[PDB]
């Protein structure tokens, strides 16, 4: 189950302050799109109200945004991925001038941001996540029917808006949020593939997502599975390390490599 502590209740006000304090946007190959902070606040309030209906114990099924919110839109005519970058402009989510809030998960003293759980298909990513990492909230997206779907920690989403709502919303409150998988986004990323058989904007998106979590004191682990050649995975993992607060590589059911940006410094394996 997903148990709501007094620590989570005390973070509600702070979470609302963090969201209102900084206006954020996101961009991919098109034009920068603003994130409606209000929706995340509304989600937190809905989760707290339901938590109150129960004994603080929540079922992942009951906290899905499609059930709690009338509208699940976070992004507020249509632009092509091959338009002039000077007509659309360029946006990256700004960094934190202050020291980021540290966490005990996925690693000790890790800064707020995003961790990428990498590896080839069947390398043990989902296994490593649920057995070794053991998240408080397990977001399930674009993955076939598995044993992890029967878990009361599992929250089934359909859109990118829903992913960010649950990640920012619950992550800000102090929950250890995880996403399995981020394949719906990755496999629909349109554009010319750069060095490593993957679009360059993929690395920019990971940085923008990481900083979005750093700003809202979230500690999120995302399963990032790329359609990349068996030997080109090492290059891509090195490139992802420069774009995320955390990075975990899986090979043959075990953890091959690690990288974490902590209060004790950047730790490699």
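Numbering follows the first chain given and starts at 1.
Notebook entry, point to check: Which fits the stretch between residue 81 and residue 82: none, 1 to 3, 4 to 9, or 10 or more deposited residues lacking coordinates?
Noted result: Nothing is missing.
Check: Of the two stretches 190-198 and 129-137, which shows the higher Cα B-factor on average in the entry?
Finding: That would be 190-198.
Next item on the list: May I ask you to compare 55-63 and 229-237 by their mean CA B factor in the entry and name the higher one?
Entry: The stretch with the larger mean CA B-factor is 229-237.
Note to self: Sorting 77, 93, 182, 118 by Cα temperature factor from the record, which one lands on top?
What the structure shows: Highest C-alpha B-factor among the listed options: 77.
Check: Out of 169, 89, 142, 122, which residue has the highest Cα temperature factor in the PDB record?
Finding: Answer for 169, 89, 142, 122: 122, with the highest C-alpha B-factor.
Check: residue 11's Cα B-factor: lowest, middle or highest third of the chain?
Finding: Answer is middle: the recorded C-alpha B-factor places it there.
Next item on the list: Divide the modelled residues of the chain into thirds by Cα B-factor and specify which third, lowest, middle or highest, holds residue 151.
Entry: CA B-factor rank for residue 151: highest third.
Next item on the list: Would you mind checking where the Cα B-factor of residue 21 ranks among the modelled residues of its chain, as the lowest, middle or highest third?
Entry: CA B-factor rank for residue 21: highest third.
Notebook entry, point to check: Taking the C-alpha B-factors as the PDB entry records them, is residue 255 in the lowest, middle or highest third of its chain?
Noted result: For residue 255, the deposited C-alpha B-factor lands in the highest third.
Next item on the list: Within this chain's modelled residues, let me know which third the CA B factor of residue 73 belongs to: lowest, middle or highest.
Entry: It belongs to the middle third of the chain when residues are ordered by C-alpha B-factor.
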